[PDB]
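**Student:** Please see the structure below; I have some questions.
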Amino acid sequence: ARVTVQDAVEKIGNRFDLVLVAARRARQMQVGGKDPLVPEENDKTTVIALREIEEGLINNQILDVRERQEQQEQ
Amino acid sequence: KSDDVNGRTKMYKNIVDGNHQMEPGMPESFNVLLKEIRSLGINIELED
Amino acid sequence: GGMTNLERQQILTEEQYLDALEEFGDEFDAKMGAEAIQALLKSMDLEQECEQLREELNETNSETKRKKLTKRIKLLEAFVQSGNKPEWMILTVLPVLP
């Protein structure tokens, strides 16, 4: 598991929106319909989402963009 | 985990289905407080 | 009772009330219950008393007159603005718990 959560903090900075972003990612990951962009290592959805936000590949912005993407694609 | 009677069952179902979603609703002790306050000569209600 | 020589809100004990009724007849009405206080407060216009208190506070100024009067005005303002009729303070019906 992860020992320190700092890369996600640096990617976010506010320290309060990161939890919301990771939670809204993990909820959709666990309900299904999406795939993990980061290769998993037999870990739960929350750790995968937090490693994704730490890697700098997902944030509070592109989620809205992709969500409007499938919303208009319907 | 509180006196929310309509929440404990739903959280149990969300766990066993692996949903992990929570809706707060309202604690029943707050309704207890309202009922015991209305027992005396004091109106109390919650607006919209 | 304004015809009789008696204050509107004054104490009149059992012997005193007896002799007052004997002398003034059936004119100086009196009650000894919570309904007495209820009648005393229901037949009392709040706006007139508020204006009188405001005039007294504005005109008469003293170390003790400054206090014990402004809080009365505030209570009157709260009562009139809240809309809660002061007769509701003396309850008639009593709720009980389930």
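How things are named: the first chain in the structure tokens is A, the next is B, and so on; residues count from 1 in each chain; ligands count from 1 in the order shown.
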Kindly assemble as a Markdown table a list of the chain B residues that lie within 9 Å of chain A, each paired with its nearest atom pair and their distance in Å to one decimal, using only C-alpha atoms, sorted first by chain and then by ascending residue number.

**Tutor:**
| residue | atom | partner | partner_atom | distance |
| --- | --- | --- | --- | --- |
| B:18 | CA | A:30 | CA | 7.8 |
| B:19 | CA | A:31 | CA | 6.8 |
| B:20 | CA | A:27 | CA | 8.0 |
| B:21 | CA | A:27 | CA | 8.2 |

**Student:** Please list as a ChimeraX atom specification every residue within 10 Å of stretch 2-19 of chain C, counting only C-alpha atoms and excluding residues in the same chain fewer than 6 positions away.

**Tutor:** /C:25,27-32,37,40

**Student:** List the neighbours of residue A:52 out to 8 Å using only C-alpha atoms; skip same-chain residues closer than 5 positions along the sequence, and give me the result as a list in words.

**Tutor:**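 Counting only C-alpha atoms, the residues come to residues 37, 38, 57 and 58 of chain A.
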
**Student:** Give me, as an MDAnalysis selection string, the residues of chain C touching chain B, with the criterion being at most 7 Å (counting only C-alpha atoms).

**Tutor:** chainID C and resid 91 95:97

**Student:** Please produce a file of the residues just selected, as a PDB file, in the first residue's frame, where the atoms kept are C-alpha atoms.

**Tutor:**
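File written: selection-v3.pdb
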ATOM      1  CA  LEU C  91     -51.786  27.476  28.401  1.00  0.00           C
ATOM      2  CA  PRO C  95     -49.797  18.025  25.233  1.00  0.00           C
ATOM      3  CA  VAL C  96     -48.395  14.709  26.427  1.00  0.00           C
ATOM      4  CA  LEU C  97     -45.719  12.408  25.043  1.00  0.00           C
TER       5      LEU C  97
END

**Student:** Give the helix (DSSP H, G or I) residues of chain B, as assigned by DSSP on the backbone, as a PyMOL selection string.

**Tutor:** chain B and resi 5-16+28-38

**Student:** Now that the selection is made, can you save its residues with N, CA and C atoms as an mmCIF file, in the first residue's frame?

**Tutor:**
data_model
loop_
_atom_site.group_PDB
_atom_site.id
_atom_site.type_symbol
_atom_site.label_atom_id
_atom_site.label_comp_id
_atom_site.auth_asym_id
_atom_site.auth_seq_id
_atom_site.Cartn_x
_atom_site.Cartn_y
_atom_site.Cartn_z
ATOM 1 N N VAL B 5 -32.812 4.771 11.320
ATOM 2 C CA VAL B 5 -33.338 3.430 11.099
ATOM 3 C C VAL B 5 -33.335 3.087 9.615
ATOM 4 N N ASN B 6 -33.572 4.076 8.761
ATOM 5 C CA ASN B 6 -33.623 3.866 7.323
ATOM 6 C C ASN B 6 -32.253 3.926 6.664
ATOM 7 N N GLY B 7 -31.183 4.038 7.445
ATOM 8 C CA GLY B 7 -29.855 4.120 6.875
ATOM 9 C C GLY B 7 -29.008 2.892 7.130
ATOM 10 N N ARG B 8 -29.230 2.232 8.265
ATOM 11 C CA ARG B 8 -28.426 1.064 8.603
ATOM 12 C C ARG B 8 -28.689 -0.080 7.632
ATOM 13 N N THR B 9 -29.961 -0.332 7.327
ATOM 14 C CA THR B 9 -30.277 -1.369 6.354
ATOM 15 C C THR B 9 -29.662 -1.045 4.999
ATOM 16 N N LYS B 10 -29.795 0.206 4.554
ATOM 17 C CA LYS B 10 -29.317 0.566 3.224
ATOM 18 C C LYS B 10 -27.794 0.507 3.141
ATOM 19 N N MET B 11 -27.086 0.904 4.205
ATOM 20 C CA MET B 11 -25.634 0.760 4.196
ATOM 21 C C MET B 11 -25.230 -0.707 4.192
ATOM 22 N N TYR B 12 -25.957 -1.550 4.927
ATOM 23 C CA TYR B 12 -25.666 -2.977 4.895
ATOM 24 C C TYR B 12 -25.814 -3.533 3.481
ATOM 25 N N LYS B 13 -26.888 -3.146 2.785
ATOM 26 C CA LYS B 13 -27.072 -3.595 1.407
ATOM 27 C C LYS B 13 -25.972 -3.057 0.501
ATOM 28 N N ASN B 14 -25.591 -1.791 0.685
ATOM 29 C CA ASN B 14 -24.526 -1.219 -0.131
ATOM 30 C C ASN B 14 -23.206 -1.941 0.094
ATOM 31 N N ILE B 15 -22.957 -2.399 1.321
ATOM 32 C CA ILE B 15 -21.745 -3.161 1.591
ATOM 33 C C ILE B 15 -21.800 -4.513 0.902
ATOM 34 N N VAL B 16 -22.886 -5.259 1.116
ATOM 35 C CA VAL B 16 -22.941 -6.628 0.610
ATOM 36 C C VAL B 16 -22.951 -6.629 -0.912
ATOM 37 N N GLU B 28 -32.879 9.868 14.355
ATOM 38 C CA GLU B 28 -34.157 9.788 15.054
ATOM 39 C C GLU B 28 -34.127 10.533 16.383
ATOM 40 N N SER B 29 -32.942 10.701 16.974
ATOM 41 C CA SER B 29 -32.845 11.427 18.236
ATOM 42 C C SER B 29 -33.236 12.886 18.068
ATOM 43 N N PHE B 30 -32.996 13.458 16.888
ATOM 44 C CA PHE B 30 -33.465 14.812 16.618
ATOM 45 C C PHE B 30 -34.988 14.875 16.629
ATOM 46 N N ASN B 31 -35.644 13.869 16.049
ATOM 47 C CA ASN B 31 -37.096 13.788 16.143
ATOM 48 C C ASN B 31 -37.537 13.609 17.588
ATOM 49 N N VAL B 32 -36.764 12.853 18.371
ATOM 50 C CA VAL B 32 -37.060 12.702 19.792
ATOM 51 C C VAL B 32 -37.019 14.053 20.484
ATOM 52 N N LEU B 33 -35.986 14.839 20.188
ATOM 53 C CA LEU B 33 -35.855 16.173 20.758
ATOM 54 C C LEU B 33 -37.039 17.047 20.370
ATOM 55 N N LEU B 34 -37.438 16.998 19.100
ATOM 56 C CA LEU B 34 -38.569 17.801 18.649
ATOM 57 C C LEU B 34 -39.848 17.400 19.378
ATOM 58 N N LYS B 35 -40.081 16.092 19.515
ATOM 59 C CA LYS B 35 -41.299 15.617 20.165
ATOM 60 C C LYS B 35 -41.327 16.004 21.637
ATOM 61 N N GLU B 36 -40.187 15.911 22.321
ATOM 62 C CA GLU B 36 -40.181 16.272 23.732
ATOM 63 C C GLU B 36 -40.271 17.778 23.933
ATOM 64 N N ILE B 37 -39.734 18.571 23.006
ATOM 65 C CA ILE B 37 -39.916 20.013 23.112
ATOM 66 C C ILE B 37 -41.380 20.376 22.917
ATOM 67 N N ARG B 38 -42.027 19.785 21.908
ATOM 68 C CA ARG B 38 -43.433 20.079 21.663
ATOM 69 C C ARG B 38 -44.321 19.601 22.802
#

**Student:** Which polymer residues have any atom within 7 Å of an atom of stretch 11-22 of chain A, counting only C-alpha atoms, with same-chain residues fewer than 6 positions away left out, as an mmCIF file with C-alpha atoms, in the first residue's frame?

**Tutor:**
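Resulting contents of result.cif:
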data_model
loop_
_atom_site.group_PDB
_atom_site.id
_atom_site.type_symbol
_atom_site.label_atom_id
_atom_site.label_comp_id
_atom_site.auth_asym_id
_atom_site.auth_seq_id
_atom_site.Cartn_x
_atom_site.Cartn_y
_atom_site.Cartn_z
ATOM 1 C CA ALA A 49 -7.597 6.389 -7.965
ATOM 2 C CA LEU A 50 -5.190 8.102 -5.565
ATOM 3 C CA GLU A 54 -0.733 11.423 -7.917
ATOM 4 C CA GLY A 56 -0.934 13.663 -12.817
ATOM 5 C CA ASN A 59 -8.096 15.865 -11.840
ATOM 6 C CA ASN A 60 -11.327 17.766 -11.184
#

**Student:** Please, what distance in Å, to one decimal, runs between atom CA of residue C:88 and atom CA of residue C:36?

**Tutor:** 14.4 Å

**Student:** By how many Å are atom CA of residue A:33 and atom CA of residue A:47 apart?

**Tutor:** 18.1 Å

**Student:** What's the 10 Å shell around stretch 47-59 of chain C, counting only C-alpha atoms, without same-chain residues fewer than 4 positions away, as a PyMOL selection string?

**Tutor:** chain C and resi 65-67+69-70+72-77+80

**Student:** Hey, can you check how far atom CA of residue A:43 sits from atom CA of residue A:62?

**Tutor:**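 A separation of 23.7 Å between them.
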
**Student:** May I ask which of the residues A:48, A:69, A:41, A:74 is the closest one to residue A:8, counting only C-alpha atoms?

**Tutor:**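 Looking at the shortest contact to residue A:8, the residue is A:48.
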